[PDB]
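Structure at a glance
For reference, the chains in residue letters:
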Amino acid sequence: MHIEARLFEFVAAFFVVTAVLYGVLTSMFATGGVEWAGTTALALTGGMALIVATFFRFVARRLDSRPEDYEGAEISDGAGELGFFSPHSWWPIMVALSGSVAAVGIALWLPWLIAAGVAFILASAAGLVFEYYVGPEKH
Amino acid sequence: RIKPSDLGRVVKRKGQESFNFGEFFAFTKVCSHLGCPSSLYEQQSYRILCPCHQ
Amino acid sequence: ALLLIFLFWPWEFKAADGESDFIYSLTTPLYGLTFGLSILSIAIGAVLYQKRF
Amino acid sequence: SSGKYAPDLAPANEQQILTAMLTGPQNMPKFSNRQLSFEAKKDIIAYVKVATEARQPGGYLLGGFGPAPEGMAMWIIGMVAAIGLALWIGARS
Amino acid sequence: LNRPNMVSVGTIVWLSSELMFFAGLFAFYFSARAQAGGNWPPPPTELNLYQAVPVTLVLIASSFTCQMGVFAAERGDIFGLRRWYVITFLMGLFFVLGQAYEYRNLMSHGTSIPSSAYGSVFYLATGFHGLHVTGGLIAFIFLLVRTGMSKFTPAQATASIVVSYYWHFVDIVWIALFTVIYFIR
Amino acid sequence: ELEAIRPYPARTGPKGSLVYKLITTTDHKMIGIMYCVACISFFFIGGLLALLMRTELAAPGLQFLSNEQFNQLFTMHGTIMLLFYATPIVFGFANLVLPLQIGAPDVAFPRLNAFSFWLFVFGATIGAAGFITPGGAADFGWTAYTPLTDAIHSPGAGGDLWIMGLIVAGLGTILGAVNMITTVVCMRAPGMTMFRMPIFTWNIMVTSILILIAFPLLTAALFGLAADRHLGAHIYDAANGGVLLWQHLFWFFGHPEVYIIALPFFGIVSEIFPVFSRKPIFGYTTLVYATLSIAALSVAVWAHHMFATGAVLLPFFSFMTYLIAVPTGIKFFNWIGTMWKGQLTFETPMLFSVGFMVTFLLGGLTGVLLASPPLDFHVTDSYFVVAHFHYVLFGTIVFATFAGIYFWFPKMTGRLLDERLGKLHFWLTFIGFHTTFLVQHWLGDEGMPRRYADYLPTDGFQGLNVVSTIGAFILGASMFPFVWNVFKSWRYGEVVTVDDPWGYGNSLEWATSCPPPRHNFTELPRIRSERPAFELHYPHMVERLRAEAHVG
Amino acid sequence: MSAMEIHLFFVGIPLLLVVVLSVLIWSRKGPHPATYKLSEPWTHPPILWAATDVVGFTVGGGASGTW
Amino acid sequence: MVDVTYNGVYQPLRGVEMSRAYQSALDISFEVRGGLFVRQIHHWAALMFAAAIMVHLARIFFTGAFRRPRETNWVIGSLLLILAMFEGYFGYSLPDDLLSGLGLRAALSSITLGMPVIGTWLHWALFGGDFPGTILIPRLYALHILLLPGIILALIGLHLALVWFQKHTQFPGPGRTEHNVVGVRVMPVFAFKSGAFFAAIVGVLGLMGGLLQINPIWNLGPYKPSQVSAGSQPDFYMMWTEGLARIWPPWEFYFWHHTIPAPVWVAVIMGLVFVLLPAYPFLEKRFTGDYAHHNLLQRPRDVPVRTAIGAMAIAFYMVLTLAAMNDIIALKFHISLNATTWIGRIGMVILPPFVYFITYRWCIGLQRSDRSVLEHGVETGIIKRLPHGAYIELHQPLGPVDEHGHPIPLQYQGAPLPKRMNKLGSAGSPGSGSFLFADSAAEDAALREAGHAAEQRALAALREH
Amino acid sequence: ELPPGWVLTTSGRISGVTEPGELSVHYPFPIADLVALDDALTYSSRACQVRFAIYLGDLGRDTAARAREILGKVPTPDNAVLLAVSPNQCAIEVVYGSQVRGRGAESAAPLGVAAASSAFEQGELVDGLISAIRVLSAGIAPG
Ligand code: HEA
Ligand code: HEA
Ligand code: FES
């Protein structure tokens, strides 16, 4: 994963270089001085890459060698139990329907329908969250 | 009162040629569909609308 | 609270634009809110007592 | 019918109300000062301003339409709360 | 198995996308700020310094309590986790009421969304932050409800941690915005 | 022996075997299939839109269409093509092959995939539903400049639906890219190394990186635009610098919106070359370096759409664009050197690839010609740039998409498409496309700027439009043979059960059964190079492969 | 113009090229082998087919024939 | 109906000629402490009644309890639905405002006068002459207070008595059979839950009545023949008749000095809809040739044909109802009125077969999924690496297991089965704390073991018996 | 011997490849004809609830012995009817199963054999097999 961190920090360095060069070149030789619009975007995308690389480095600096990170490893080294995966389910289509309703409401100005869409969004999120935690009925 | 500009696209229904008077027509109000009064008139489109069933 | 709001609330019509009433419009909503909350709390207590005892 | 509609009078101001009546805009019947008295315009604008700007003494308003939104509200709120309470009280088996 | 956690990287990239959303918002705000000379804020506007700092202190205290909840979280204790999360939720609710009161005060004295450009950009910048704070409160409620309905697993701890540094990111962007607005001016 | 087998597999299967499975799905493969179907349908809608266009444009004068309808018409055509076909087809190929390419049993977030798919479908349905409005949909072009998109002009409901559809599609794309990044980074084969995966994975992950970099800015921009349209927030008023600001941000978002739709299909052609060339990929690490260089610099060249405004610094962005031109040439050189001195066999996929490189070559020449500021000062907004982006976009996307479909159809369905109909389709599409989109240079450099509803008989070019219409009509009917072939071969046609119908395959994909069961795996071979299935099927060729790996 | 003498080009140009390509390509030979002839010996290896529809060595009959 | 002057308290309505009943309604709404609240509660409760009866009829139709033992109950229910719908139609007409006046005028006058043979006789008998009569409103008031409510109450009592004597059905389950009933006794549970539900329904009615304004007659005006506007679309439980009137094409017949108008077809359609509702069980029993008793219902996914016909009917009703709301559709959403009318007209014919086929396929797919989950263990959502290189689902068997570890196939008994691991007891019941402080470990362990023992004992008693 | 392109995997499954320009069936029969015979076979097997198999190889030995030896390869030999045709030696045979007895098996072999033989002199074999399978399926009654 160290390769991914190196790539991310290279991207961060490139973004920082581009941002600082654009800022210094727009300070002078400009009709309107500082552009003040693209400079912010470049600066914060560089900051994004910086924080992502920092998080990856913090993860890398406190982790052991995984079989995929070790070339020449054998298949039985990775043998074990993987994470949990959701089988057949249907909540996401209902969540998407609620989101579409909310989008339609915020399209044409009808506050009642946007409130209904927000309520449906909350209900769909609640249904999604509890799909794998509700136990047997207490009866 | 119809606009005197056109006065040329009227039809003068077969038995009521002389009923009209210049810029006057004097149509009734009770719609023949169900009896709902129709009071929705557009001057530019010359269309009368019945609100009960469009 | 419902008893108090029924006894001592201004319910005579004064709605206009010369004076900001902001209260005459709040008689029926207050009545309904108090009534529904009271009896709904009673029902919730009853069902919880049944389901846990 | 066929496209154009009737706008809401909520964003209307009285001078423009009188002027719009007297002008006869698109799809609207033009009104002359001869057929309607000036006192009639004053009364009309007074009623228009009173009706919309007065607080409804029946709680939250539902758009001023007929009972179709009322039925929609019944189906979306009363039904949902009722079936939720039924499921809470009842059991599934 | 699974030395890293996919939820961690997913939340990291999601917060990255939201950080670029706030980048766009900052781009909207900083634009046209220099277009007005001298007193570029409209006179019918005066920020209340005596009320803005307390909500910032509220949010940083909530973030510290959330970190304490995390420290309780990596070990086997759910009840202290719930206590810390409830404290953070109450602190954030007090904050939210704070900017609601500030909102009520501001519009009552002139400046509104359609009034001036500065008012519009400030309102737009603060509204998304308020909405995201409310979403964070909703996430707190959902997560705390999920804790008490079943057994404790590392997935619950992962969800708590990701929500925690999402809140920390919210705190960081809020303090950055506050420094931009009330100090640099 | 004498194993008992059916004469044919089930044609359609048992009744009711698709609906509920589609609704309650969790499989990435069928999600990609639905992506492909939706892309094909939207491609059809936009294609009939464009045919109506080209039949109206010919025969100078207004025959049967009005100006505002024409304006709404190119708004919808451009929007549908740019943001409802290519972006979903990217995630379609993602869901089809990326978990299969890496070897992962499943995606990271199966729920999120269906969430994104349904969100995109709903957003497309809402946005495209602007034709039912009596006032119609939005009238401004897909550029959506500052002053025409406010409340004062275009006050119809179409703009709101357009904006909300774009918002929903962007959110779905963001979630899909997040899913792809998480799946690639977290899950992998146990013996798998990041320096051994096919180039398509590198292209898709840099593409997702660019997605996450670019898309949220559009969300903020459209939120601000909706706020202006519904509340009058004075954000984009002419009294302020919003005219430049909105253009800057929108182009900064949209130029990566076309750079994202090139790398994955470059990877597709890169992985389709070796199987027919019987040679290893050329400049592997060099290809990765060039992909990274394209991905990084694909974001700092946005201002080269501002030449006509005359308020930005020219030479810096000109130099940046001329720098970004080189890595595309490096990719092309790698591709052409891959197939040099090989046993190339002419089938439908490589013929589509040949057409792809031809069209992309011509488009790249036009683009590198376009980069000159003084040249753009005369040729901008003319049909020249129209031919430019038509060439590049169509030649990459349509050709590579059809080639990849022809390639991986047996992997998804276990059936092989006919080659005669494929050859006829390729020839007819190629002929129509170079016939209808060649002359617009001649029409464009002379006075005839884009998006015109009419012109005058006094000017010439009364026959060039006729030739363009003839070619466009020819291209319109070229899709029908492909549809008939696909529909016939879905149930009927040759059935392949032996692995890798196209022998000498690579990319680890040809080591499993042609009809892939759930979780996609029952065995795993050794991982020693970037051609594991090739070594597995021909173990006696390893020594030779390792011996002459650096002859040059 | 809407004249038929010039609409003839727009109508017939695609059809003639479609016909030419069809007679050039479709008239060629597919990879499907020809039908087995009874006079020709059964050079194909032995083959059996099973319905495999019902889901769940002793012999109780027989037959013979010589055409 | 004698004309009077208001001269009350509502200033914008002073000095206007008006009907006495409208004045009394205004008095109830404005000059009595809380009268508006009570009338709003009444109207909201009537809508509650209509929606509840519709939902109950739908559930009865889906469960298929309308077989031989209880056919007369179905006929009585159809009569109840028709009478309640007519009573509800008569409800909103007593305060004769513009909306109610227009609705009653249109419906009653046009339909009654449009009768081919009798026609004018019925209208003149009902109104006492022309349409606007001095006796119409008192007659409607009397019919709304006395005849229909009493008949409805008596018939409801009859239906309750019939369902009391003939024992209620039950869903299939572990300890359920066609010769016994599983449930709870009256004293400790049944009556208490009924009272709690009654209190809760009164609560929701009161809350939503106090929050939502309904039928603001004061905003309207007194009924006059010359006033009319877009105000239309009466109460939503007879709205289908209005939609049918709207969408019907204008076909007419002209023979010797006579004319039959279009709405006669609407009358024929509504009469046939009335006729078909009680006649359905006879048609089913003489079509399928089944004459067997049944005390056990069938889950909806088991019978495809009946579910398909139900989807047919509900889709037809929904498309007809939404057609009548055309004006609001074109207003809130900028759509052409004519386009929406044409859409409804064409959809009334083209939509039904599509949804019929779709729901048939849906039911078949549900049956297939149930068979599949019967064949193998329910999916646990866990995969294993299998160092030799495979991936397995690790199904959790629901019962007997063979020598190979693959559970032997079970049999379908029409009983629901869990589709998620958390539905069955796997890992639950966390610590004994309330919300912030845990309890003693011994108490939590004792509670856990007691609950497990109680649930196991209940399950064993139900399964064995 | 693991033909080039086929390699044994870790498990018992065999992974095999083929040159792109060739097929993987090599059946000298029309596609539509094979589809029709498969449809007839399926729609007869579902009704009769008895497995039916067709063999087109050579039986240059005791035809009855070879035919009864082949029947063991049926997934359910106890309930199955096998029809074998040897075009080189003109051998047509039909055999029964243990469970499929007394269900019209005896009253079906002569009719099906006669139909197939009569349909084999005009040069076609597939329609003859279809006719034989149809007539024997009609003869076979469930039980
Ligand atoms: C898939 C979509 C796509 C792709 C791949 C491209 C690829 C390129 N584009 Fe294009 N472009 C668009 C879609 C695309 N474009 C769209 C939609 C617009 C405007 C939309 C609107 O405004 O309406 C646009 C507008 C546009 C403009 C401004 C036009 C205008 O606003 O007036 C310019 C000029 O700077 C430009 C240049 C390029 C260049 C240099 C490339 C290069 O990537 C391609 C060059 C590739 C080559 C093959 C060269 C490879 C190198 C060699 C082979 C070595 C030798 C080369 C040299 C001679 C140096 N594009
Ligand atoms: C991927 C993107 C993409 C694709 C694939 C296409 C495909 C085509 N385009 Fe389009 N086009 C654009 C993107 C694309 N276009 C963009 C971005 C612009 C300008 C943006 C702007 O200026 O706003 C543009 C503009 C544009 C114009 C000029 C518009 C203007 O200046 O006014 C023209 C006409 O000259 C044209 C023609 C075509 C043709 C003939 C095809 C053909 O390739 C299409 C062939 C397809 C078919 C025709 C389908 C077959 C149709 C039927 C047979 C359906 C019948 C069946 C049913 C009844 C269900 N395009
Ligand atoms: S009375 Fe005219 S539409 Fe009904």
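All residue numbers given refer to positions from 1 along each chain's written sequence rather than to the entry's numbering, and residues for which no coordinates exist are omitted. Lettering for chains starts from A, numbering for ligands starts from 1, and both go in the order in which the items are written. Part of a larger assembly is shown; the reported values describe that part exclusively. Based on all heavy atoms of the structure, the side-chain values leave hydrogens and waters out of the count. Residues with missing side-chain atoms are left out of burial classes, side-chain pairs and their counts.

**With respect to the interface of chain F and chain A**
Counting residues at the interface gives 51 residues for chain F and 49 residues for chain A. By convention, the term buried area covers the 1.4 Å-probe accessible surface removed from two parts as they join, with the contributions of both added. Around 4200 Å² of area is buried between chain F and chain A when both sides are counted, 77% of it from carbon and sulfur atoms. Taken as a group, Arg-111, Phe-122 and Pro-190 of chain F account for 13% of the area that chain F buries against chain A, more than any other trio of residues on that side. Salt bridges are defined by distance alone: a side-chain nitrogen of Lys or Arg within 4 Å of a carboxyl oxygen of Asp or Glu. Across the contact surface, chain F and chain A share one salt bridge. Every residue pair with non-hydrogen atoms within 4.5 Å of one another is taken to be in contact.

**Here's the deal with helix α18 (residues 479-491) of chain F**
A simple rule labels every residue: compare its accessible area, found with a 1.4 Å probe on the protein chains alone, to the largest value its type can have, and call it buried under 20%, exposed over 50%, or partly exposed in between. Secondary structure counts use DSSP, requiring at least four H or I residues in a row for a helix and at least two E residues in a row for a strand, with both numbered from the N terminus. Along α18 of chain F, the residues that are buried comprise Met-479, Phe-482, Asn-485, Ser-489 and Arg-491 of chain F. Buried positions along α18 of chain F lie against α2 (28-57), α14 (383-413), β1 (415-416), α15 (419-436) and α17 (464-476) of chain F.

**So, a positive patch on the surface**
Like-charged residues within 9 Å of one another, or nonpolar side chains (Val, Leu, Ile, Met, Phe, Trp, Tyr) within 5 Å, are grouped into patches, provided each residue has over 30% relative accessible area and no salt bridge. Values of accessible area rely on a 1.4 Å probe in the Shrake-Rupley scheme; residue burial ignores everything except the protein chains shown. Charge assignment: positive for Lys and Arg, negative for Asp and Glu; neither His nor the chain ends contribute. To locate a charge, the coordinates of NZ of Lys, CZ of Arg, CG of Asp or CD of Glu are taken. Judged by side-chain charge, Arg-92 of chain D together with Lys-419, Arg-420 and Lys-423 of chain H come together as a positively charged surface patch. Residue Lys-423 of chain H is classed as partly exposed on the basis of its relative accessible area of 35%.

**Structural notes on the side chain of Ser-62 of chain E**
All names here are of chain E. Relative to the assigned elements, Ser-62 resides in helix α2 (residues 49-73). Pairs of N or O atoms within 3.5 Å make up the polar contacts considered here, provided that, within protein, one atom can donate a hydrogen while the other can accept it, and that residues adjacent in sequence are counted only when both atoms are side-chain atoms. A polar contact of 2.4 Å, which involves the side chain of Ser-62, links it to the backbone oxygen of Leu-59. Excluding residues within four positions of it along the chain, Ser-62 makes contact with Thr-88, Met-91 and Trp-167.

**Looking at the nonpolar core**
Take the buried residues of types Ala, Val, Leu, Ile, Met, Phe, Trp, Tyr and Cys, join any two whose side-chain atoms come within 4.5 Å, and each joined set is a nonpolar core. The biggest cluster of nonpolar side chains holds 214 residues, and the ones touching the most others in it are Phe-84, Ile-213, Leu-222, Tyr-236, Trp-246, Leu-249 and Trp-302 of chain F. Broken down by element, the residue count for this core peaks at 19 residues, all from helix α7 (residues 199-231) of chain F. Excluding residues within four positions of it along the chain, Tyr-236 of chain F makes contact with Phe-28 of chain E together with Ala-221, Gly-224, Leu-225, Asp-228, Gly-242, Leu-245, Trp-246 and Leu-249 of chain F. By size, the runner-up hydrophobic cluster in this structure holds 41 residues, among which are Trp-49 and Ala-63 of chain G together with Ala-40 and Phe-52 of chain I.

**Regarding empty space enclosed by the protein**
All names here are of chain H. The space that makes up the largest cavity amounts to roughly 230 Å³. Contributing elements (two or more residues each) for the lining of the largest cavity: α4 (98-113) and α8 (239-247). Considering every element that reaches the lining of the largest cavity, the biggest residue donor is α4, with six residues. Broken down by class, the residue content of the lining of the largest cavity amounts to ten nonpolar, eight polar and four charged. Buriedness for pockets is judged along seven lines, at least five of which must meet protein on both sides within 12 Å for an open set on the 1 Å grid over protein atoms alone, while cavities are sets there where a 1.4 Å probe fits but cannot get out, and lining residues have an atom within 4 Å of a point. Grid points are joined across faces, edges and corners, and a volume is the space filled by probe spheres set on the points. Think of it as three bins: nonpolar holds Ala, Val, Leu, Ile, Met, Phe, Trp, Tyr, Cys and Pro, charged holds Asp, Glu, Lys and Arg, and polar takes everything else, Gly as well.

**With respect to a nonpolar patch on the surface**
All names here are of chain F. Taken together, the side chains of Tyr-322, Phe-332, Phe-333, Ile-336, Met-339, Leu-361, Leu-365, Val-368, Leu-369 and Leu-375 define a hydrophobic patch exposed on the protein surface, amounting to about 890 Å² of accessible area. Those elements that place two or more of their residues in the nonpolar patch are α11 (314-338) and α12 (348-370). Taking relative accessible area as the criterion, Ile-336 reaches 36% and is therefore assigned partly exposed.

Distances and angles like these do not, on their own, reveal function.
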